[PDB]
Amino acid sequence: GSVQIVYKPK
Amino acid sequence: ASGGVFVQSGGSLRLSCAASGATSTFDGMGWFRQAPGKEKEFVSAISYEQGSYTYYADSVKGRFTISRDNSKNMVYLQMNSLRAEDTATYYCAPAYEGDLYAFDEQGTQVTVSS
């Protein structure tokens, strides 16, 4: 139902 | 009440994360961190497949090294040349194509003193 995403480097 | 690791500037620390292996959903593992009053920051991620991805934040390149041991179902983060700005709580998370996915958190608090 929910997630936290921490994106890789741009 | 607010316990963690303490390291002097220039010192080192190794973190470890259990890494159950690739699923249809996840193809690696990594770390993010969150410093007091700041947003979550990507640190590093590594693929289970040898040679596929090894990502680092620009702020940790050259100092931090991520590795995997698939026989032990573990990943490791070797943090060298620590500096005060590395002070944060560090969190393990599964990765898909390098991006980190967190559900639910805990973490390892690290204080680096200048």
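In what follows, chains are A, B, ... by sequence order, proteins preceding strands, each numbered from 1.
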### Task
Would you check, one step at a time, whether the test side chain to side chain donor-acceptor pair (under 3.5 Å) holds for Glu97(B) with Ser47(B)?
CA-CA 8 Å; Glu97(B) 301 189 326; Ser47(B) 55; over 6 Å; no

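- Hydrophobic clustering keeps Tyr76(B) apart from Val7(B) (ILVMFWY residues linked when any side-chain heavy atoms are closer than 4.5 Å, directly or through intermediates).
- Put simply, CZ on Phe32(B) and OG on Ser44(B) are 13.5 Å apart, with the number rounded to the nearest 0.5 Å.
- Here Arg83(B) does not pair with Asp86(B) in a salt bridge; the nearest charged N to carboxylate O distance is not below 4.0 Å.
- One distance of note links CG of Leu100(B) with CD1 of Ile5(A); it measures 10.0 Å at 0.5 Å rounding.
- The neighbour count for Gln78(B) CD, taken as heavy atoms of other residues, nucleotides or ligands under 6.0 Å away, is above 12.
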### Query
Going through the distances and angles, do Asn80(B) and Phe64(B) end up as a side chain to side chain contact (heavy atoms under 4.5 Å, CB included)?
CA-CA 6 Å; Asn80(B) 295 331; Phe64(B) 290 16; over 6 Å; no

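- In this structure, a donor-acceptor pair under 3.5 Å is absent between the side chains of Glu105(B) and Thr89(B).
- Expressed to the nearest 0.5 Å, how far CZ of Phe42(B) lies from CG of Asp99(B) amounts to 8.0 Å.
- Environment of NZ in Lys61(B): crowded, with over 12 heavy atoms of neighbouring residues, nucleotides or ligands closer than 6.0 Å.
- For an aromatic pair to be called close, the ring centres must be under 6.0 Å apart, and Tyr96(B) with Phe26(B) fails this.
- The line from CZ of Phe6(B) to CG of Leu13(B) is 12.5 Å long, rounded to the nearest 0.5 Å.
- Hydrophobic cluster membership differs between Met74(B) and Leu15(B), with clusters built from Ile, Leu, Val, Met, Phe, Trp and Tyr side chains linked at under 4.5 angstrom.
- The distance from atom CH2 of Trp31(B) to atom OH of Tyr56(B), rounded to the nearest 0.5 Å, is 10.0 Å.
- Contact record, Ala88(B) with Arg33(B): CB-CB, 3.8 Å, taken as the closest heavy-atom pair.
- Under the 4.5 Å side-chain criterion, counting only non-hydrogen atoms from C-beta, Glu41(B) is in contact with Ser59(B).
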